[PDB]
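What follows is run-v5.pdb (PDB, N, CA and C atoms).
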ATOM      1  N   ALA P   1      -8.165   4.599  47.805
ATOM      2  CA  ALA P   1      -8.980   4.528  49.005
ATOM      3  C   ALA P   1      -9.705   5.844  49.253
ATOM      4  N   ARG P   2     -10.829   5.756  49.963
ATOM      5  CA  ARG P   2     -11.534   6.941  50.431
ATOM      6  C   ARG P   2     -11.123   7.321  51.844
ATOM      7  N   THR P   3     -10.925   6.329  52.709
ATOM      8  CA  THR P   3     -10.489   6.559  54.077
ATOM      9  C   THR P   3      -9.574   5.417  54.481
ATOM     10  N   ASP P   4      -8.900   5.592  55.616
ATOM     11  CA  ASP P   4      -8.059   4.531  56.148
ATOM     12  C   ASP P   4      -8.833   3.223  56.190
ATOM     13  N   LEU P   5      -8.112   2.114  56.074
ATOM     14  CA  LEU P   5      -8.733   0.801  56.058
ATOM     15  C   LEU P   5      -7.881  -0.187  56.835
ATOM     16  N   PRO P   6      -8.505  -1.165  57.486
ATOM     17  CA  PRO P   6      -7.752  -2.270  58.060
ATOM     18  C   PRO P   6      -7.684  -3.429  57.086
ATOM     19  N   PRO P   7      -6.926  -4.473  57.405
ATOM     20  CA  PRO P   7      -6.843  -5.620  56.495
ATOM     21  C   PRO P   7      -8.214  -6.229  56.260
ATOM     22  N   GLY P   8      -8.435  -6.701  55.039
ATOM     23  CA  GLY P   8      -9.683  -7.336  54.690
ATOM     24  C   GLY P   8      -9.831  -7.524  53.196
ATOM     25  N   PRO P   9     -10.865  -8.252  52.784
ATOM     26  CA  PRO P   9     -11.098  -8.455  51.353
ATOM     27  C   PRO P   9     -11.510  -7.161  50.674
ATOM     28  N   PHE P  10     -11.280  -7.115  49.366
ATOM     29  CA  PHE P  10     -11.604  -5.919  48.606
ATOM     30  C   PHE P  10     -13.076  -5.577  48.773
ATOM     31  N   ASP P  11     -13.354  -4.307  49.052
ATOM     32  CA  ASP P  11     -14.717  -3.824  49.259
ATOM     33  C   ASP P  11     -14.957  -2.619  48.362
ATOM     34  N   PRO P  12     -15.658  -2.786  47.239
ATOM     35  CA  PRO P  12     -15.903  -1.639  46.352
ATOM     36  C   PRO P  12     -16.560  -0.456  47.040
ATOM     37  N   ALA P  13     -17.049  -0.613  48.269
ATOM     38  CA  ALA P  13     -17.684   0.510  48.946
ATOM     39  C   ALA P  13     -16.666   1.543  49.410
ATOM     40  N   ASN P  14     -15.419   1.133  49.632
ATOM     41  CA  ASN P  14     -14.401   2.012  50.191
ATOM     42  C   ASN P  14     -13.503   2.636  49.136
ATOM     43  N   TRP P  15     -13.041   1.854  48.169
ATOM     44  CA  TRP P  15     -12.161   2.381  47.144
ATOM     45  C   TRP P  15     -12.947   3.268  46.182
ATOM     46  N   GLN P  16     -12.272   3.701  45.122
ATOM     47  CA  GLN P  16     -12.912   4.461  44.054
ATOM     48  C   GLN P  16     -12.107   4.287  42.782
ATOM     49  N   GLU P  17     -12.749   3.798  41.728
ATOM     50  CA  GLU P  17     -12.084   3.743  40.437
ATOM     51  C   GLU P  17     -11.777   5.153  39.967
ATOM     52  N   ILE P  18     -10.722   5.280  39.175
ATOM     53  CA  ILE P  18     -10.330   6.556  38.596
ATOM     54  C   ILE P  18     -10.724   6.544  37.130
ATOM     55  N   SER P  19     -11.617   7.452  36.752
ATOM     56  CA  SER P  19     -12.034   7.535  35.363
ATOM     57  C   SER P  19     -10.816   7.729  34.477
ATOM     58  N   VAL P  20     -10.748   6.954  33.398
ATOM     59  CA  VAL P  20      -9.604   6.984  32.499
ATOM     60  C   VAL P  20     -10.099   6.768  31.079
ATOM     61  N   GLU P  21      -9.249   7.099  30.121
ATOM     62  CA  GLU P  21      -9.555   6.964  28.706
ATOM     63  C   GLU P  21      -8.574   5.976  28.086
ATOM     64  N   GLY P  22      -8.591   5.894  26.758
ATOM     65  CA  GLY P  22      -7.635   5.065  26.055
ATOM     66  C   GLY P  22      -7.251   5.685  24.732
ATOM     67  N   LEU P  23      -6.192   5.131  24.145
ATOM     68  CA  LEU P  23      -5.693   5.562  22.852
ATOM     69  C   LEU P  23      -5.443   4.327  22.000
ATOM     70  N   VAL P  24      -4.951   4.544  20.785
ATOM     71  CA  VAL P  24      -4.664   3.466  19.850
ATOM     72  C   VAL P  24      -3.271   3.675  19.281
ATOM     73  N   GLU P  25      -2.483   2.607  19.245
ATOM     74  CA  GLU P  25      -1.116   2.663  18.744
ATOM     75  C   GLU P  25      -1.119   2.192  17.295
ATOM     76  N   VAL P  26      -0.863   3.120  16.380
ATOM     77  CA  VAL P  26      -1.021   2.904  14.947
ATOM     78  C   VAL P  26       0.358   2.828  14.313
ATOM     79  N   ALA P  27       0.583   1.795  13.505
ATOM     80  CA  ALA P  27       1.859   1.585  12.828
ATOM     81  C   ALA P  27       1.612   1.521  11.330
ATOM     82  N   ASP P  28       2.019   2.566  10.616
ATOM     83  CA  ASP P  28       1.914   2.556   9.166
ATOM     84  C   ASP P  28       2.739   1.414   8.595
ATOM     85  N   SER P  29       2.129   0.639   7.709
ATOM     86  CA  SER P  29       2.798  -0.454   7.025
ATOM     87  C   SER P  29       2.909  -0.124   5.545
ATOM     88  N   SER P  30       3.598  -0.992   4.814
ATOM     89  CA  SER P  30       3.757  -0.772   3.387
ATOM     90  C   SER P  30       2.394  -0.647   2.726
ATOM     91  N   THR P  31       2.273   0.331   1.838
ATOM     92  CA  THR P  31       1.111   0.610   1.010
ATOM     93  C   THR P  31       0.030   1.387   1.751
ATOM     94  N   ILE P  32       0.147   1.613   3.055
ATOM     95  CA  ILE P  32      -0.870   2.369   3.778
ATOM     96  C   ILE P  32      -0.201   3.130   4.910
ATOM     97  N   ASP P  33      -0.690   4.339   5.158
ATOM     98  CA  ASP P  33      -0.262   5.144   6.289
ATOM     99  C   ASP P  33      -1.494   5.654   7.021
ATOM    100  N   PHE P  34      -1.266   6.263   8.179
ATOM    101  CA  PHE P  34      -2.343   6.815   8.982
ATOM    102  C   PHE P  34      -1.959   8.201   9.475
ATOM    103  N   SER P  35      -2.981   9.006   9.750
ATOM    104  CA  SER P  35      -2.809  10.369  10.239
ATOM    105  C   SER P  35      -3.514  10.496  11.582
ATOM    106  N   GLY P  36      -2.738  10.694  12.642
ATOM    107  CA  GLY P  36      -3.296  10.939  13.955
ATOM    108  C   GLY P  36      -3.432   9.689  14.800
ATOM    109  N   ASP P  37      -4.084   9.880  15.948
ATOM    110  CA  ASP P  37      -4.387   8.798  16.877
ATOM    111  C   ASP P  37      -5.880   8.680  17.155
ATOM    112  N   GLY P  38      -6.711   9.459  16.468
ATOM    113  CA  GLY P  38      -8.146   9.260  16.508
ATOM    114  C   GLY P  38      -8.832   9.708  17.781
ATOM    115  N   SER P  39      -8.393   9.174  18.922
ATOM    116  CA  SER P  39      -9.113   9.405  20.169
ATOM    117  C   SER P  39      -9.228  10.886  20.496
ATOM    118  N   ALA P  40      -8.276  11.700  20.034
ATOM    119  CA  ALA P  40      -8.260  13.129  20.325
ATOM    120  C   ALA P  40      -9.044  13.937  19.304
ATOM    121  N   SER P  41     -10.059  13.337  18.685
ATOM    122  CA  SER P  41     -10.868  13.952  17.642
ATOM    123  C   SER P  41     -10.073  14.211  16.372
ATOM    124  N   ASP P  42      -8.846  13.701  16.281
ATOM    125  CA  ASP P  42      -8.074  13.774  15.049
ATOM    126  C   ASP P  42      -8.453  12.580  14.182
ATOM    127  N   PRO P  43      -9.349  12.744  13.211
ATOM    128  CA  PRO P  43      -9.857  11.571  12.492
ATOM    129  C   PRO P  43      -8.727  10.822  11.805
ATOM    130  N   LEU P  44      -8.820   9.498  11.817
ATOM    131  CA  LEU P  44      -7.791   8.666  11.208
ATOM    132  C   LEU P  44      -8.001   8.631   9.701
ATOM    133  N   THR P  45      -7.236   9.437   8.975
ATOM    134  CA  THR P  45      -7.231   9.419   7.522
ATOM    135  C   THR P  45      -5.984   8.694   7.040
ATOM    136  N   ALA P  46      -6.170   7.796   6.081
ATOM    137  CA  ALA P  46      -5.087   7.003   5.530
ATOM    138  C   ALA P  46      -4.892   7.355   4.062
ATOM    139  N   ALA P  47      -3.637   7.309   3.624
ATOM    140  CA  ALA P  47      -3.274   7.621   2.253
ATOM    141  C   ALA P  47      -2.502   6.455   1.657
ATOM    142  N   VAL P  48      -2.625   6.295   0.344
ATOM    143  CA  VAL P  48      -1.948   5.239  -0.395
ATOM    144  C   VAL P  48      -1.248   5.882  -1.579
ATOM    145  N   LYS P  49       0.069   5.716  -1.654
ATOM    146  CA  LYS P  49       0.842   6.328  -2.727
ATOM    147  C   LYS P  49       2.286   5.871  -2.638
TER
ATOM    148  N   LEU X   1      -4.817  -5.375  -0.835
ATOM    149  CA  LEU X   1      -5.075  -6.672  -1.448
ATOM    150  C   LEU X   1      -4.769  -6.593  -2.937
ATOM    151  N   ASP X   2      -3.894  -7.475  -3.407
ATOM    152  CA  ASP X   2      -3.619  -7.590  -4.826
ATOM    153  C   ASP X   2      -3.921  -9.004  -5.302
ATOM    154  N   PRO X   3      -4.466  -9.164  -6.501
ATOM    155  CA  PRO X   3      -4.882 -10.491  -6.957
ATOM    156  C   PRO X   3      -3.692 -11.337  -7.386
ATOM    157  N   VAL X   4      -3.963 -12.631  -7.549
ATOM    158  CA  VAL X   4      -2.963 -13.606  -7.957
ATOM    159  C   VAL X   4      -3.301 -14.258  -9.288
ATOM    160  N   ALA X   5      -4.404 -13.860  -9.926
ATOM    161  CA  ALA X   5      -4.830 -14.510 -11.159
ATOM    162  C   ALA X   5      -3.836 -14.317 -12.295
ATOM    163  N   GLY X   6      -2.921 -13.356 -12.177
ATOM    164  CA  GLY X   6      -1.996 -13.041 -13.243
ATOM    165  C   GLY X   6      -2.476 -11.966 -14.192
ATOM    166  N   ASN X   7      -3.748 -11.580 -14.112
ATOM    167  CA  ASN X   7      -4.277 -10.465 -14.887
ATOM    168  C   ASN X   7      -3.907  -9.170 -14.176
ATOM    169  N   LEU X   8      -2.626  -9.010 -13.857
ATOM    170  CA  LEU X   8      -2.177  -7.941 -12.984
ATOM    171  C   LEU X   8      -0.977  -7.235 -13.590
ATOM    172  N   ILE X   9      -0.910  -5.926 -13.349
ATOM    173  CA  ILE X   9       0.247  -5.118 -13.708
ATOM    174  C   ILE X   9       0.721  -4.253 -12.552
ATOM    175  N   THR X  10       0.034  -4.283 -11.411
ATOM    176  CA  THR X  10       0.318  -3.400 -10.288
ATOM    177  C   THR X  10       0.992  -4.133  -9.133
ATOM    178  N   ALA X  11       1.812  -5.136  -9.434
ATOM    179  CA  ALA X  11       2.534  -5.847  -8.386
ATOM    180  C   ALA X  11       3.416  -4.877  -7.613
ATOM    181  N   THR X  12       3.133  -4.717  -6.321
ATOM    182  CA  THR X  12       3.800  -3.702  -5.514
ATOM    183  C   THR X  12       5.077  -4.264  -4.905
ATOM    184  N   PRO X  13       6.250  -3.694  -5.199
ATOM    185  CA  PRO X  13       7.461  -4.087  -4.474
ATOM    186  C   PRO X  13       7.571  -3.331  -3.164
ATOM    187  N   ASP X  14       8.699  -3.466  -2.469
ATOM    188  CA  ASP X  14       8.953  -2.600  -1.329
ATOM    189  C   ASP X  14       8.625  -1.162  -1.706
ATOM    190  N   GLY X  15       8.204  -0.392  -0.718
ATOM    191  CA  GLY X  15       7.521   0.851  -0.986
ATOM    192  C   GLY X  15       6.020   0.642  -1.072
ATOM    193  N   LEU X  16       5.290   1.753  -1.009
ATOM    194  CA  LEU X  16       3.851   1.665  -0.788
ATOM    195  C   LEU X  16       3.128   0.990  -1.953
ATOM    196  N   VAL X  17       3.500   1.298  -3.196
ATOM    197  CA  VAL X  17       2.769   0.798  -4.357
ATOM    198  C   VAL X  17       3.671   0.884  -5.577
ATOM    199  N   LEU X  18       3.323   0.130  -6.624
ATOM    200  CA  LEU X  18       4.154   0.025  -7.818
ATOM    201  C   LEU X  18       3.869   1.097  -8.857
ATOM    202  N   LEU X  19       2.628   1.551  -8.962
ATOM    203  CA  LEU X  19       2.179   2.325 -10.128
ATOM    204  C   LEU X  19       2.300   1.375 -11.324
ATOM    205  N   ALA X  20       2.768   1.835 -12.483
ATOM    206  CA  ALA X  20       2.940   0.951 -13.625
ATOM    207  C   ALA X  20       4.142   1.400 -14.442
ATOM    208  N   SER X  21       4.767   0.431 -15.110
ATOM    209  CA  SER X  21       5.911   0.677 -15.980
ATOM    210  C   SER X  21       5.646   0.063 -17.350
ATOM    211  N   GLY X  22       6.679  -0.034 -18.185
ATOM    212  CA  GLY X  22       6.534  -0.600 -19.514
ATOM    213  C   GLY X  22       5.636  -1.821 -19.553
ATOM    214  N   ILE X  23       4.564  -1.742 -20.337
ATOM    215  CA  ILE X  23       3.558  -2.799 -20.413
ATOM    216  C   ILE X  23       3.787  -3.627 -21.674
ATOM    217  N   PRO X  24       3.293  -4.864 -21.735
ATOM    218  CA  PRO X  24       3.585  -5.749 -22.886
ATOM    219  C   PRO X  24       2.809  -5.398 -24.154
ATOM    220  N   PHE X  25       3.353  -4.453 -24.918
ATOM    221  CA  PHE X  25       2.734  -4.059 -26.169
ATOM    222  C   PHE X  25       2.876  -5.171 -27.207
ATOM    223  N   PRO X  26       2.017  -5.178 -28.236
ATOM    224  CA  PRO X  26       2.064  -6.267 -29.223
ATOM    225  C   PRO X  26       3.167  -6.093 -30.254
ATOM    226  N   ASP X  27       3.514  -4.848 -30.555
ATOM    227  CA  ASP X  27       4.482  -4.544 -31.602
ATOM    228  C   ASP X  27       4.004  -5.090 -32.941
ATOM    229  N   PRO X  28       2.953  -4.511 -33.525
ATOM    230  CA  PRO X  28       2.514  -4.964 -34.850
ATOM    231  C   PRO X  28       3.524  -4.608 -35.926
ATOM    232  N   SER X  29       4.222  -5.614 -36.443
ATOM    233  CA  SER X  29       5.253  -5.365 -37.434
ATOM    234  C   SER X  29       4.628  -5.009 -38.778
ATOM    235  N   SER X  30       5.446  -4.420 -39.643
ATOM    236  CA  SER X  30       5.010  -4.107 -40.989
ATOM    237  C   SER X  30       4.979  -5.376 -41.838
ATOM    238  N   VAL X  31       4.455  -5.237 -43.053
ATOM    239  CA  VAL X  31       4.226  -6.398 -43.901
ATOM    240  C   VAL X  31       5.553  -7.023 -44.300
ATOM    241  N   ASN X  32       5.575  -8.351 -44.339
ATOM    242  CA  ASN X  32       6.716  -9.123 -44.803
ATOM    243  C   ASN X  32       6.327  -9.869 -46.069
ATOM    244  N   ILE X  33       7.237  -9.902 -47.040
ATOM    245  CA  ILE X  33       6.979 -10.618 -48.282
ATOM    246  C   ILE X  33       8.300 -10.968 -48.949
ATOM    247  N   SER X  34       8.445 -12.226 -49.358
ATOM    248  CA  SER X  34       9.679 -12.713 -49.966
ATOM    249  C   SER X  34      10.886 -12.226 -49.175
ATOM    250  N   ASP X  35      10.840 -12.464 -47.865
ATOM    251  CA  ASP X  35      11.763 -11.797 -46.955
ATOM    252  C   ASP X  35      13.216 -12.049 -47.345
ATOM    253  N   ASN X  36      13.651 -13.306 -47.309
ATOM    254  CA  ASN X  36      15.042 -13.647 -47.576
ATOM    255  C   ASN X  36      15.275 -14.097 -49.011
ATOM    256  N   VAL X  37      14.274 -13.974 -49.877
ATOM    257  CA  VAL X  37      14.405 -14.349 -51.276
ATOM    258  C   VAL X  37      14.692 -13.140 -52.155
ATOM    259  N   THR X  38      13.980 -12.039 -51.941
ATOM    260  CA  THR X  38      14.182 -10.816 -52.701
ATOM    261  C   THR X  38      14.776  -9.748 -51.794
ATOM    262  N   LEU X  39      15.695  -8.961 -52.344
ATOM    263  CA  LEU X  39      16.432  -7.959 -51.592
ATOM    264  C   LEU X  39      16.200  -6.582 -52.197
ATOM    265  N   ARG X  40      16.290  -5.556 -51.357
ATOM    266  CA  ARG X  40      16.054  -4.182 -51.771
ATOM    267  C   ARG X  40      17.314  -3.350 -51.595
ATOM    268  N   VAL X  41      17.553  -2.452 -52.545
ATOM    269  CA  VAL X  41      18.676  -1.528 -52.497
ATOM    270  C   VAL X  41      18.148  -0.126 -52.768
ATOM    271  N   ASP X  42      18.671   0.842 -52.024
ATOM    272  CA  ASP X  42      18.209   2.218 -52.123
ATOM    273  C   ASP X  42      19.289   3.126 -51.559
ATOM    274  N   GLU X  43      19.210   4.403 -51.922
ATOM    275  CA  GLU X  43      20.075   5.432 -51.368
ATOM    276  C   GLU X  43      19.352   6.380 -50.430
ATOM    277  N   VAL X  44      18.046   6.566 -50.613
ATOM    278  CA  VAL X  44      17.314   7.534 -49.805
ATOM    279  C   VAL X  44      17.260   7.090 -48.351
ATOM    280  N   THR X  45      16.994   5.806 -48.112
ATOM    281  CA  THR X  45      16.741   5.312 -46.765
ATOM    282  C   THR X  45      17.567   4.100 -46.372
ATOM    283  N   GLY X  46      18.095   3.335 -47.319
ATOM    284  CA  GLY X  46      18.821   2.133 -46.964
ATOM    285  C   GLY X  46      20.021   2.430 -46.088
ATOM    286  N   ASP X  47      20.432   1.410 -45.334
ATOM    287  CA  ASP X  47      21.587   1.529 -44.445
ATOM    288  C   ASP X  47      22.180   0.135 -44.271
ATOM    289  N   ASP X  48      23.305  -0.116 -44.942
ATOM    290  CA  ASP X  48      23.910  -1.441 -44.910
ATOM    291  C   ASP X  48      24.362  -1.837 -43.513
ATOM    292  N   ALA X  49      24.458  -0.880 -42.586
ATOM    293  CA  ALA X  49      24.925  -1.200 -41.242
ATOM    294  C   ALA X  49      24.101  -2.319 -40.625
TER
END
Turn the structure described in the file into structure tokens.
Amino acid sequence: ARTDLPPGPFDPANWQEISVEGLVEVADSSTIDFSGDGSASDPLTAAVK
Amino acid sequence: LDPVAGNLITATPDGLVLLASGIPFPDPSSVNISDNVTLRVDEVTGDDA
């Protein structure tokens, strides 16, 4: 909320979304692996061996 | 992705990858002649064992 409010339907004029980001959950499987989580500028490099 | 045509030697078991092991060599045998009809005896190389 921006200020106190009484009961009523949702009004986008009063609230405020909170800027947020996201990540990726990576699970190495047989024959392939991954390095990092990508979103943090750690490029996702995969190796096979 | 591994193929199923059977023209394959890299079938991967548990673990990331198989690499390769003993492959089906032809084993070109030496010449045969009068195999069980004529017999050879020698001291330099023969071995009755």
Residue members of the PyMOL selection byres ((chain X and name CA) within 7 of (chain P and name CA)) in the file shown, as a ChimeraX atom specification: /X:15-17
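Note that the spacing between CA of residue 27 in chain X and CA of residue 10 in chain X amounts to 21.7 Å.
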One-decimal distance in Å that lies between CA of residue 44 in chain P and CA of residue 25 in chain P: 11.7 Å
One-decimal distance in Å that lies between CA of residue 39 in chain P and CA of residue 23 in chain P: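 Spanning CA of residue 23 in chain P to CA of residue 39 in chain P is a straight-line distance of 5.8 Å.
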Selection as a list in words: residues within 6.5 Å of (-10.5, 9.6, 23.3), counting all atoms listed in the file: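 Residues close enough to count: residues 21, 22, 23, 38, 39, 40 and 41 of chain P.
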